[PDB]
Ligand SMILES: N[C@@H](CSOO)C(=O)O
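The chain below stands alone, shown as structure tokens; this is the form solved without S-hydroperoxycysteine (2CO).
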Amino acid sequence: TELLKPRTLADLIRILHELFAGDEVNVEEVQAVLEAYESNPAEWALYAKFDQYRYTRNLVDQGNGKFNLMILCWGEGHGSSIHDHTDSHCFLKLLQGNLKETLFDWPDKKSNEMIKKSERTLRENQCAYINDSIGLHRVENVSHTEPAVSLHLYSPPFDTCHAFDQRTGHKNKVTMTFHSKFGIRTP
């Protein structure tokens, strides 16, 4: 063990490599380390590539295959589907701005409105955690004036998930794409 405060994004990545050296994941330790990194915009500007129309996913590190670390850039009003995480751990840390997270239960096979179980505002530097056992969520930048930037870690990596129709609970498979990888736009 001996978790130390990451001094920089680079230092955080190094620490994460250590924490994912094995086949299991200490969720509380990973969350603690992510939370302890104090966002420094100069360190992640390279990855903070926005799109006018929707949020972008910008790959930072491939975690020697154990995890993907990426930065998501949310324009004003940009948000996600209600989605799962494909049997992976998902950590979400705010680097800039605020995001609203809404939780949903897994739908029953009957077609019904998905009612929100709860919501919270994730603030700068806070780190949230979700997995399929916890439930489903939507993440949204509700701000009209401030873009948000978040750092996401998923283990194992996954590039598909399901989006859920809020009116019915019906799910559709979605393939996730990257806007950039290692600072390089990937069209």
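Numbering starts at 1 and follows the sequence shown.
Only in words, not in the display: the form deposited with S-hydroperoxycysteine (2CO) bound, which the text now covers.
Legend entry - Pocket accessibility after superposing S-hydroperoxycysteine (2CO) in the entry with it bound (3+ atoms within 2.4 Å of backbone/C-beta): Site status open, zero atoms under the 2.4 Å cut.
Legend entry - Proximity to S-hydroperoxycysteine (2CO) in the entry with it bound (heavy atom, within 4.5 Å), stretch among 59-67, 133-141, 37-45, 24-32: It is the stretch 133-141.
Inset, instruction - Would you please decide whether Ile13 lies within 4.5 angstroms of S-hydroperoxycysteine (2CO) in the entry with it bound, comparing each non-hydrogen atom pair? - result: No.
Inset, instruction - Could you confirm whether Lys116 comes within 4.5 Å of S-hydroperoxycysteine (2CO) in the entry with it bound, counting heavy atoms only? - result: Output for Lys116 is no: heavy atoms all beyond 4.5 Å of S-hydroperoxycysteine (2CO).
Inset, instruction - Considering only heavy atoms, tell me if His83 and S-hydroperoxycysteine (2CO) come within 4.5 Å of each other in the entry with it bound. - result: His83: contacts S-hydroperoxycysteine (2CO) in the entry with it bound.
Inset, instruction - Tell me, yes or no, whether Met176 is in contact with S-hydroperoxycysteine (2CO) in the entry with it bound, where a contact means a heavy atom of each within 4.5 Å. - result: Yes, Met176 sits close enough to S-hydroperoxycysteine (2CO) in the entry with it bound that at least one of its heavy atoms falls within 4.5 Å.
Legend entry - S-hydroperoxycysteine (2CO) in the entry with it bound - contacting residues of 144-161, heavy atom within 4.5 Å: Result: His152, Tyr154.
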